[PDB]
Amino acid sequence: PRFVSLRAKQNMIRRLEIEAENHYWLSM
Amino acid sequence: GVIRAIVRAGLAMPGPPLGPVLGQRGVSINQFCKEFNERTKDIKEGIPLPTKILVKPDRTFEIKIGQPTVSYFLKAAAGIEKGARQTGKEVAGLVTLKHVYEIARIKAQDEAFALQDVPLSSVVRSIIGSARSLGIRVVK
Amino acid sequence: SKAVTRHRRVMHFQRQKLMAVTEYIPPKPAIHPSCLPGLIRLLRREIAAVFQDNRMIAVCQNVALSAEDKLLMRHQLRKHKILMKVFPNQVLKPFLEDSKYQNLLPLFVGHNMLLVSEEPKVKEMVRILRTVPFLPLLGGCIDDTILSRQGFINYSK
Amino acid sequence: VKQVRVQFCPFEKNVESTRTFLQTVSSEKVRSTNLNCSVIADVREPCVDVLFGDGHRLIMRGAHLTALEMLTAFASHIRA
Amino acid sequence: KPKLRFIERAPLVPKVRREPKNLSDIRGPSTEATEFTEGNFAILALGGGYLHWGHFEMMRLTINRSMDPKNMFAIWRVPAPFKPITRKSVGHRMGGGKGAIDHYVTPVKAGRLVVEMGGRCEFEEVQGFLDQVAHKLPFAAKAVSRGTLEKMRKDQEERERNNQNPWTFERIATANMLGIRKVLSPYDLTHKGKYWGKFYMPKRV
Amino acid sequence: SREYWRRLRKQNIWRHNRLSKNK
Amino acid sequence: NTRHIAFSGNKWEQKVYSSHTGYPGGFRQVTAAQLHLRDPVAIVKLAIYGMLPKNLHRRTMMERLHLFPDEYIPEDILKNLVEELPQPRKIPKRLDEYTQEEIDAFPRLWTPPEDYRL
Amino acid sequence: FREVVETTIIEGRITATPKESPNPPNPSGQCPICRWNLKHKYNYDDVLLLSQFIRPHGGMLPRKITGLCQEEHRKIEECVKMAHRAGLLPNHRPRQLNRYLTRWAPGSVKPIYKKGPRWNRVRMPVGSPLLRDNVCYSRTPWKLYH
RNA sequence: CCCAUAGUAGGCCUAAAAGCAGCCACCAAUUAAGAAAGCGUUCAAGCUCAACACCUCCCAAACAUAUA
Ligand SMILES: [Zn+2]
């Protein structure tokens with residue numbers, strides 16, 4: 001059993017934000 | 001204490017409707033059937049008559065009585081000795097309005113039975129209400 | 001282990017991180033919302049008809065009796081054309097201000113029963129109440145004039 | 001307990017404390033259990049007299065009092 | 001006939017060919033028999049599992065016990081046990097073919113209605129023995145009305161429209177955001193992360 | 001009238017009776 | 001003043017100090033309250049001893065730490081002290097210790113009913 | 001407030017009624033907490049706020065008299081429990097280990113003889129989770145379990 | 001928190017089974033208490049509910065307050 005800290009969520013989230021902007025610049 | 005029964009005036013001291021049901025407070029059923037035979041004599045005989053009886057803690061009898069019942073009153077007045085079974089759709093006795101009004105004049109009279117309504121519709125509504133719950137059709 | 005198991009299968013750790021990041025977030029308002037701002041007319045018509053009916057009225061605290069004792073009181077006042085009325089004061093407090101009873105607004109609260117009348121047997125009612133060492137006479141009002149219990153002695157006498 | 005002289009002025013401004021006391025426990029309900037006590041209620045800041053047969057005299061001016069303090073204090077003097 | 005009819009152990013016609021335990025008949029949202037049809041009350045499955053014969057007798061027995069047939073009728077929605085679950089002989093070594101057919105079973109997925117109720121009855125009347133029944137089931141179940149069913153579906157719409165979280169499972173899985181289909185099922189693109197195995201997450205948007 | 005609301009009360013009492021079966 | 005420590009929460013009644021005399025059946029678990037009645041140094045002493053780096057310098061470091069349970073410190077140690085360190089917890093004052101102007105500056109929040117007993 | 005003076009005579013005397021300060025900064029709030037901008041800005045430390053809701057023998061006052069929020073009544077009720085145990089209310093007696101932030105009653109808690117593995121460790125409750133939503137001026141929130 | 005009378009010991013079956021062994025109707029009185037939802041009795045009598053009037057030996061030490 002392993003649990004998810006705040007580091008892991010914030011890291012995951014900033015990768016998701018880079019990903020969303022990659023989605024934006026590939027749209028035109 | 002308070003005791004209320006439906007002991008018929010046809011038989012004074014039967015037994016199981018008076019023996020063990022009275023044999024807790026401590027009774028003398030000879031006086032009860034004696035005074036109950038006074039109540040048998042004072043009114044029309046061969047009928048169910050409810051009691052009021054209040055057994056005092058000083059161990060004395062106070063039998064108070066009023067009119068006859070509503071069961072053998074309506075069913076005997078309709079001439080029914082053993083009533084209907086379903087009493088929802090089955091009928092045996094068809095009793096008119098005016099008969100119910102004629103018995104309702106001698107009805108709203110008692111204190112222990114407490115049918116003390118000042119108007120007439122307040123009582124005939126009640127006993128027509130009992131006439132719907134039994135096997136008697138309210139004619140007219 | 002199969003994909004369907006009997007116990008809740010342990011997720012991969014990035015599966016579990018996805019599940020934690022994509023949890024439900026409820027909206028939070030800036031201010032909590034909780035910290036922001038037929039029978040009735042039967043009683044109105046019935047008891048309002050009782051207002052115009054009676055010339056004299058009285059009232060008591062008729063809660064202090066038994067059932068057959070209230071039957072005795074009901075019959076002994078049935079001997080008169082006086083009437084006794086158990087009804088909520090909840091509606092009777094707007095009843096009084098409707099009937100222009102300003103001296104009767106401080107009268108009707110708690111357990112009370114009306115003794116509305118046109119003919120005073122209230123002295124003989126007191127004669128019934130003197131044998132029971134309780135249940136006092138609360139003040140009435142004959143024809144927009146208030147009756148204290150001393151006034152019940154005077155008028156009833 | 002032998003006697004309670006319960007007294008209030010409803011021609012004046014009412015107090016529902018001693019009147020509620022008059023309803024719930026100065027009735028026949030407790031006297032159905034407690035036969036020796038003798039209530040009497042007059043009617044004209046209120047006042048409750050309590051006659052202990054033994055050796056006391058318990059008088060309560062229950063204008064500002066409440067029914068629970070008057071009742072539990074009353075029964076505190078019943079237990080004595 | 002306002003009672004639960006008898007559900008047999010196995011149909012009259014047998015099933016001679018053995019079957020693979022395709023456990024995807026438990027996984028995911030149910031398609032068949034999710035809505036009411038001349039019903040008012042039901043036992044909705046908040047999760048998938050297998051019904052045996054003994055479960056069917058628990059429902060027929062403990063419902064027809066406490067039921068007014070003049071007030072309430074009831075319908076099976078889940079059919080008779082038709083899936084042949086096999087077991088090998090007890091304490092025998094592996095291989096040597098597939099074991100003989102032991103007992104039949106129905107698969108019930110999540111969101112399935114099991115037993116419809118109907119008649120002149122309020123919900124609060126029928127909550128009791130359908131909660132007892134709903135607890136004797138193998139999967140997590142719940143007694144659900146019509147108004148309670150549309151109530152919690154409208155709740156799920158409220159959750160899906162209210163959340164201040166920019167990241168849902170649907171946006172991440174279908175776009176393959178964090179390269180995350182390496183960890184997900186292909187079913188997780190249609191279950192949308194509310195189903196794990198046979199379980200169901202109602203709390204998860 | 002009087003018997004209207006008395007009827008409504010009796011149906012409410014029946015309702016509470018039919019709800020209080022399992023308790 | 002290490003008799004006058006203050007655990008947060010129910011740590012006086014929940015936190016357990018377990019030791020073992022090496023003999024069989026010699027396992028001794030004792031809560032923080034009982035151990036604080038035995039010796040009013042051992043809670044701060046065990047806390048520090050757990051904080052220090054787990055090596056051989058640890059016990060020379062423990063022989064530099066001087067614990068006293070009261071206001072009384074020996075004179076030979078009082079003549080060595082240089083700096084007094086500030087206490088890490090701000091001791092909240094009680095209702096007796098608020099001055100009158102501190103009480104008067106705080107508003108009465110709510111009107112009590114004129115007739116309520118207390 | 002009113003008192004019950006007795007000696008046998010029993011009378012009730014309304015004595016020295018207080019009143020709230022004339023200008024709530026948030027009028028048309030609901031609770032006296034809500035009216036004074038104190039929805040998350042009090043703790044067990046500050047006893048000037050707690051003492052106004054306490055019976056003089058230490059107990060709480062009911063929610064109808066104080067007119068509190070339900071939420072803030074449970075919060076003050078909890079903070080008053082947590083402040084009697086830290087000895088911050090010494091004059092609310094009817095007539096020694098120092099504590100603070102004690103959630104449970106001290107004479108009711110079994111000691112943790114087997115603290116679990118690292119993935120199932122039995123922790124010690126510190127403070128109350130009714131006071132989660134207070135203003136934390138730190139970045140880390142309140143650790144409610146030690 | 002209270003608060004419980006009356007047609008009635010509802011008819012039929014049942015030794016009697018009365019709201020409570022079963023079928024059927026389930027009307028009605030006052031302002032209002034169901035021909036009855038749970039105890040309870042062979043049966044009763046008694047108790048509550050709805051509704052009326054107030055409303056092998058634990059196992060890092062530890063720590064809730066300073067700006068990410
Ligand atoms: Zn508020």
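Chain letters run A, B, ... following the sequence lines, proteins first and then strands; every chain starts at 1. Worth knowing before you read on, the calculation uses all heavy atoms, side chains too, and leaves out hydrogens, waters and symmetry mates.
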Regarding G:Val16, tell me which of base, sugar-phosphate or nothing describes its non-hydrogen contacts under 4.0 Å with the strands shown. nothing
| said: Both donor-acceptor distances under 3.5 Å, either Watson-Crick or G-U wobble. Does I:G46 meet that with I:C12? | reply: no
Across all chains, not counting sequence neighbours, the salt bridge (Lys or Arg N to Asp or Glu O under 4.0 Å) partners of E:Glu122 are F:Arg18
Contact string for nucleotides 47-54 of chain I, one letter per nucleotide 5' to 3', B = base within protein heavy-atom range under 4.0 Å, S = sugar-phosphate only, - = neither, reads --SBS-BS
Between CD1 of B:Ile6 and P of I:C43 the distance, given in whole Å, is 19 Å
Q.
Would you say the bases of I:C27 and I:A28 stack, taking the criterion to be ring centres below 5.5 Å apart together with planes below 30 degrees?
A. yes
Nearest-nucleotide check on RNA chain I, B:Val70 vs B:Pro20; residue mapping nearer the 5' end is B:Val70
- With heavy atoms under 4.0 Å as the rule, sort D:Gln23 into base, sugar-phosphate or nothing. nothing
I:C54 and I:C23, which share atom name P, separated by this distance in whole Å: 40 Å
Decide, yes or no, whether a salt bridge links B:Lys52 with B:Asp110 under the criterion of side-chain N to carboxylate O below 4.0 Å. no
- Distance, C1' atom - from I:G10 to I:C24, rounded to whole angstrom: 11 Å
A correct 5'-to-3' footprint of nucleotides 23-28 of chain I, with B, S and - meaning base, sugar-phosphate only and no protein heavy atom under 4.0 Å, is BBSSBB
The complete set of salt bridge (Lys or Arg N to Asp or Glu O under 4.0 Å) pairs with one or both residues in residues 119-130 of chain B, sequence neighbours excluded, reads B:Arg125-F:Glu3
With sequence neighbours left out, the residues meeting salt bridge (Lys or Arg N to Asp or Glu O under 4.0 Å) with H:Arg85 are none
Exercise. Taking the six-membered ring of G:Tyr49 as reference, does the NZ or CZ atom of G:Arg58 fall below 6.0 Å from its centre and within a 45° cone about the axis?
Worked result: yes
By salt bridge (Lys or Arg N to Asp or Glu O under 4.0 Å), H:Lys110 pairs with (sequence neighbours left out) none
- Message: Suppose you measure atom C1' in I:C49 against the same atom in I:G38; what distance do you get, rounded to whole Å?
- Response: 7 Å
How far, in whole Å, is I:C39 from I:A53 if one measures between their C1' atoms? 28 Å
Query raised in the report: Can we call I:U56 and I:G7 a base pair, counting Watson-Crick and G-U wobble only and needing both distances under 3.5 Å?
Result: no
State whether a side-chain donor-acceptor pair under 3.5 Å links C:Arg74 with B:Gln116.
no
The ring pair (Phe, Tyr, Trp, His ring centres under 6.0 Å) partners of G:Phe27 (sequence neighbours excluded) come to G:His20
Nearest-Å distance once atom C1' is located in both I:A6 and I:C52: 15 Å
Please output the side-chain donor-acceptor pairs of residues 61-72 of chain C that fall under 3.5 Å, not counting sequence neighbours, one pair per line with the distance.
unit_1: C:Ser66; atom_1: OG; unit_2: D:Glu28; atom_2: OE2; d: 2.5
unit_1: C:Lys70; atom_1: NZ; unit_2: C:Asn62; atom_2: O; d: 3.2

Whole-Å P distance, I:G22 and I:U30
32 Å
Residue set satisfying ring pair (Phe, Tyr, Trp, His ring centres under 6.0 Å) with E:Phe129, at least two apart, ordered chain then number -> none
Exercise. Given the P atoms of I:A45 and I:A29, what is the spacing between them in whole Å?
Worked result: 25 Å
Separation of I:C58 atom P from G:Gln29 atom CD, nearest Å, is 7 Å
When you look at I:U5 and I:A29 together, do they satisfy the Watson-Crick or wobble criterion (both atom distances under 3.5 Å)?
yes
Intra-strand stack I:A33 & I:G34, ring centres under 5.5 Å, planes under 30°: no
When all nucleic acid strands are considered with a 4.0 Å heavy-atom cut-off, which category describes B:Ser71: base, sugar-phosphate, or nothing? sugar-phosphate
Q.
Stacking check, if you would: do I:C54 and I:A53 have six-membered base rings whose centres lie under 5.5 Å apart and whose planes meet at under 30 degrees?
A. no
Exercise. Taking the P atom of each, how far is I:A4 from I:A50, in whole Å?
Worked result: 14 Å
In whole angstroms, the gap separating P of I:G7 from CG of B:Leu49 amounts to 14 Å
Let me check something: any side-chain donor-acceptor pairs from residues 126-138 of chain H under 3.5 Å, sequence neighbours excluded? List them with distances.
unit_1: H:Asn134; atom_1: ND2; unit_2: H:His40; atom_2: O; d: 2.7
unit_1: H:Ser138; atom_1: OG; unit_2: H:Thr140; atom_2: O; d: 2.4

Expected label for I:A53 (glycosidic angle, syn inside 90° of 0, else anti) would be anti
- Does the pair I:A18/I:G19 satisfy a centre-to-centre distance of less than 5.5 Å between six-membered base rings together with a plane angle of less than 30°? no
Please set out all donor-acceptor pairs under 3.5 angstrom arising from side-chain atoms of residues 116-124 of chain H, sequence neighbours excluded.
unit_1: H:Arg121; atom_1: NH1; unit_2: H:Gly116; atom_2: O; d: 3.1
unit_1: H:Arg121; atom_1: NH2; unit_2: H:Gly116; atom_2: O; d: 3.0

The contact string for nucleotides 59-68 of chain I, one letter per nucleotide 5' to 3', using protein heavy atoms under 4.0 Å with B, S and - for base, sugar-phosphate only and none, comes out as SBBSBBBSSB
Notebook entry, point to check: Will you find, in the side chains of C:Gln76 and C:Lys79, an N or O donor that is under 3.5 Å from an N or O acceptor?
Noted result: yes
